[PDB]
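Some notes on the structure that comes next.
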Amino acid sequence: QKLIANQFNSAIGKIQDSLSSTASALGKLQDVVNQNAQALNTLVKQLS
Amino acid sequence: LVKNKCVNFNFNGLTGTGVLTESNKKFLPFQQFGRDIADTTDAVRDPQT
Ligand SMILES: *[C@@H]1O[C@H](CO)[C@@H](O)[C@H](O)[C@H]1NC(C)=O
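Protein sequence lines correspond, in order, to chains A and C. So the first sequence is numbered by the authors' numbering: it starts at 920 and just counts up by one. So the second sequence is numbered by the authors' numbering: it starts at 533 and just counts up by one.
Right, dumping it as structure tokens:
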């Protein structure tokens with residue numbers, strides 16, 4: 920039990936560090952926002 | 533000239549509808565028209581002032 924608890928806490932800590940770090944594993948959500956953003960920009964630019 | 537309300541403005545023959553207010557865009561002396569990303573007028577210098 921105690922060993923499992925320590926391992927679980929350390930794993931959570933490393934996850935926190937990984938997300939806290941410069942890593943950009945969240946790219947999937949960023950793709951959804953970015954794609955819609957550039958599509959909107961294209962539609963707007965088409966008026967010219 | 534009026535500001536802060538919806539009006540049908542006409543500047544040097546260019547027509548548009550919008551709210552006119554003071555702008556911080558430091559237009560160079562040669563510049564006369566500002567445009568947004570959609571190539572639509574968003575800033576202008578009045579010919580009388
Ligand atoms: C005429 O337009 C000029 C340029 O905007 C301005 O300096 C001047 O005050 C206006 N009125 C008269 C009576 O010249």
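Note that beta-carbon positions come from the ideal geometry of N, C-alpha and C, so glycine has one too.
Query - 8 Å Cβ cutoff, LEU966/A in contact with chain C - result: Position 47 of the first sequence holds residue 966/A. True, the Cβ-Cβ gap to chain C drops below 8 Å.
Query raised in the report: What residues come near ligand 1, if near means a beta carbon less than 6 Å from any of its heavy atoms?
Result: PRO579/C, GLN580/C, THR581/C
Requested in this report: Output yes if chain A places a C-beta closer than 8 Å to the C-beta of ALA575/C; else output no.
Outcome: Taking the second sequence and counting its residues from 1, one reaches residue 575/C at position 43. Output row for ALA575/C: interface = no.
Requested in this report: Could you confirm whether any beta carbon from chain C is found closer than 8 Å to the beta carbon of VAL952/A?
Outcome: For this step, residue 952/A is matched to residue 33 along the first sequence. No, because no Cβ of chain C sits closer than 8 Å to the Cβ of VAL952/A.
Requested in this report: Work out the CA separation of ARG567/C and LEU966/A for me, nearest whole Å.
Outcome: In the first sequence, counting from the first residue as 1, residue 966/A sits at position 47. In the second sequence, counting from the first residue as 1, residue 567/C sits at position 35. About 13 Å.
Report task. If I'm right that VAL551/C touches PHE565/C with Cβ under 8 Å, what's the distance once you round it to whole angstroms? Result -> Position 19 of the second sequence, counted from the first residue, corresponds to residue 551/C. Position 33 of the second sequence, counted from the first residue, corresponds to residue 565/C. The Cβ separation is near 18 Å, so there is no contact.
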